[PDB]
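# Here's my sequence, what's the structure:
(chains A and B, ligands or ions: 6)
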There are 2 protein chains.
Amino acid sequence: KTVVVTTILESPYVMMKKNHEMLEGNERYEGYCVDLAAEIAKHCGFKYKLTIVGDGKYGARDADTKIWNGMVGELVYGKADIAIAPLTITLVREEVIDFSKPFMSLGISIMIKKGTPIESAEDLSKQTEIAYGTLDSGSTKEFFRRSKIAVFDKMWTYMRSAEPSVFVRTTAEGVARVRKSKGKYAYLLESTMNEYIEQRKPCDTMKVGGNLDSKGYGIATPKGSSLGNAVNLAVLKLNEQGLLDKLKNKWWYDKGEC
Amino acid sequence: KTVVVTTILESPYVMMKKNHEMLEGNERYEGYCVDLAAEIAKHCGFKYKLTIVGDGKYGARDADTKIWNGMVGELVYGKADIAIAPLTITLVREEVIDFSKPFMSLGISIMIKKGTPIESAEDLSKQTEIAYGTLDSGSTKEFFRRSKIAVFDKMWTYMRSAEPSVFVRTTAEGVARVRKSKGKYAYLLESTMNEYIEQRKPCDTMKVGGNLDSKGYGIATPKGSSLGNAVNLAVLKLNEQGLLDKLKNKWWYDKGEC
Ligand SMILES: Cc1onc(C(=O)O)c1C[C@H](N)C(=O)O
Ligand SMILES: Cc1onc(C(=O)O)c1C[C@H](N)C(=O)O
Ligand SMILES: [Zn+2]
Ligand SMILES: [Zn+2]
Ligand SMILES: [Zn+2]
Ligand SMILES: [Zn+2]
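Numbering: from 1, shown residues only, chains lettered A, B, ... in the order given. Ligands and ions are numbered 1, 2, ... in the order given. Below is the structure in question.
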């Protein structure tokens, strides 16, 4: 009867507390999604267990086997009852799992090491000196793969064939790549994460230009799940009550170090 | 067979063509939602008829009769099969009708006549010289009435008791009131509309401060409607292909006058 929640270690959504080793169960974690999970569980009246997705991925379908990985896969194959994480609502995912209305609004953005001569996606697309990539098994990579927009189509063509690979396994890896590239690598990631990192030491990265698109994160459940309806209404109530905005300020700027 | 679409005459979403009198059916109208309706119908494979909501309202439930008015009412009582308009996804509405994922992201904002000494909601709430209101039967009015947030609570207490009434019947009425008030009336409306009006002559209004909240517009259908699934997937596909961004640029800035 305990709801199995699949989530991912991605700051500031879900992070291990400093003293996590002395703690047990859900108490080991903290963050925006940890707080959200507690609120959702309270309003929907259920007990839960936070579990970190096995493969550390958000979710994409293997082109050859057609098997889903990441948190999406855990929902699709019955390993988890709900995903509470910064998981983007997309067409390909909506076809296999259900999503609540968005609890956060965002868009793809460009992260650069401060000083990098780039101000837009068009800039990145018209040069080669600065390499750029995105997160593997994430919605941004899939967005570029499917976009028929001239600029993004050109960017995808470059990224998919780039050697060495410009893709990374985790957001952390992408950020580290930007910071150690001395400005020779730009990273495409959602504005939420870009803005968070810009507020973290060593304060050497920044979001440049506007967002490339507009999308949202939603709480996901297996298609047809009974929890779906209640969770959706809970998200709408939490947003209207200002709770979601309070959580973003709490985890993004109240704890900012820049 | 033919899907009855309820919508509202709200520029630039739906407007009467200059020569509408000499045109038939759907050809009489133009605008963002007219363009969107054609695309949604094409992608979902259905024929449709655009109809303007009888009472010219978005939708609220009367406190005494418990009867829903506006486009929400048209769906609730079976007068329309779908609503394609700048209709905000809200908890109270989601309890009686279904909504697709957002096709537009926005938030409540403040419109002032240029020169008005107001920079935020906090400013409005602490003074009385400048009156302020919002749209009747709209989601913004409902937001303020249900808000437990100190500042918004104070603002509702004022608006609810202000005499003469600070509420208006249509967005156009609110804008006209701001323009003829010599700066003594501020208007609370969604950022989308605020931004649009900011681009229309005589270019005497502007949006000030940040948005008060974060929400979205969704395509609505009667609760449990069979059209729901297809329409939602169509919205996601159209957003991912940049169609929604193209439509906003088309109707907001390409046709801008300021
Ligand atoms: C977080 C996060 O931050 N940036 C990304 C990205 O895919 O660029 C993601 C993953 C994405 N929300 C998804 O694949 O659901
Ligand atoms: C448009 C529009 O622009 N501003 C508003 C508002 O309620 O402030 C609205 C109506 C609202 N989207 C709704 O009640 O659905
Ligand atoms: Zn709560
Ligand atoms: Zn006319
Ligand atoms: Zn199309
Ligand atoms: Zn066609």
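# Residue A:6 looks like it's in a helix, true?
No: when classified by DSSP: H, G, I helix; E, B strand; the rest coil, residue A:6 is found to be strand rather than part of a helix.
# Report the contact partners of it.
Applying CB atoms under 8 Å, 6 or more residues apart in numbering or on different chains to residue A:6 gives the contacts A:51, A:52, A:53, A:71, A:74, A:75, A:79, A:80, A:82, A:83, A:85. (Each C-beta comes from the backbone N, C-alpha and C, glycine too.)
# redo that, cut-off 6 Å
Taking CB atoms under 6 Å, 6 or more residues apart in numbering or on different chains, we find residue A:6 in contact with A:51, A:53, A:71, A:74, A:80, A:83.
# what's the answer for residue A:122, then?
Residues near residue A:122 by CB under 6 Å, 6+ apart: residue A:151.
# Repeat that for residue A:133.
Taking CB under 6 Å, 6+ apart as the contact definition, residue A:133 lies against A:159, A:166, A:167.
# so which of the contacts of residue A:6 is the most crowded?
Going through these with other CB atoms under 10 Å in any protein chain shown as the criterion, the one with the most neighbours is residue A:71, at 31 neighbours.
# which bits of the stretch 51-200 of chain A sit near ligand 1?
By the rule CB under 6 Å from any ligand atom, the part of the stretch 51-200 of chain A lying against ligand 1 is A:58, A:86-88, A:134-135, A:138-140, A:171, A:189-190, A:193.
# Could you list the residues of the stretch 151-258 of chain A in contact with chain B?
Residues of the stretch 151-258 of chain A lying close to chain B (CB under 6 Å from any CB of the partner chain) are A:214, A:236, A:237, A:240, A:242.
# want to throw those into JSON lines with secondary structure, neighbour count and distance to ligand 2?
Listed next are those as JSON lines, based on DSSP: H, G, I helix; E, B strand; the rest coil; neighbours: other CB atoms under 10 Å in any protein chain shown; distance: CB to the nearest ligand atom, whole Å:
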{"residue": "A:214", "secondary structure": "coil", "neighbour count": "19", "distance to ligand 2": "17"}
{"residue": "A:236", "secondary structure": "helix", "neighbour count": "23", "distance to ligand 2": "14"}
{"residue": "A:237", "secondary structure": "helix", "neighbour count": "16", "distance to ligand 2": "17"}
{"residue": "A:240", "secondary structure": "helix", "neighbour count": "20", "distance to ligand 2": "13"}
{"residue": "A:242", "secondary structure": "coil", "neighbour count": "15", "distance to ligand 2": "17"}
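# from these, which is closest to ligand 1?
residue A:214 (13.4 Å; CB to the nearest ligand atom).
# Does the closest one touch residue A:107 like I think?
Yes: distance between residue A:214 and residue A:107: 5.1 Å, which falls inside the contact criterion (CB atoms under 6 Å).
# Report the central residue of chain A.
When chain A is reduced to its mean C-alpha position, the closest residue under CA atoms, centre = their mean turns out to be residue A:86, at 4.2 Å.
# so is that residue in a helix, a strand, or just coil?
Reduced to three states by three-state DSSP, residue A:86 is coil.
# Let me see the ranges of the helices in the stretch 1-150 of chain A.
A:32-44, A:70-76, A:91-94, A:121-125, A:139-146, A:150-161 (DSSP state H, counting those that start in this stretch).
# now swap in the stretch 151-258 of chain A and tell me
Taking DSSP H, counting those that start in this stretch as the criterion, the stretch 151-258 of chain A carries its helices at A:171-180, A:191-197, A:227-240, A:243-248.
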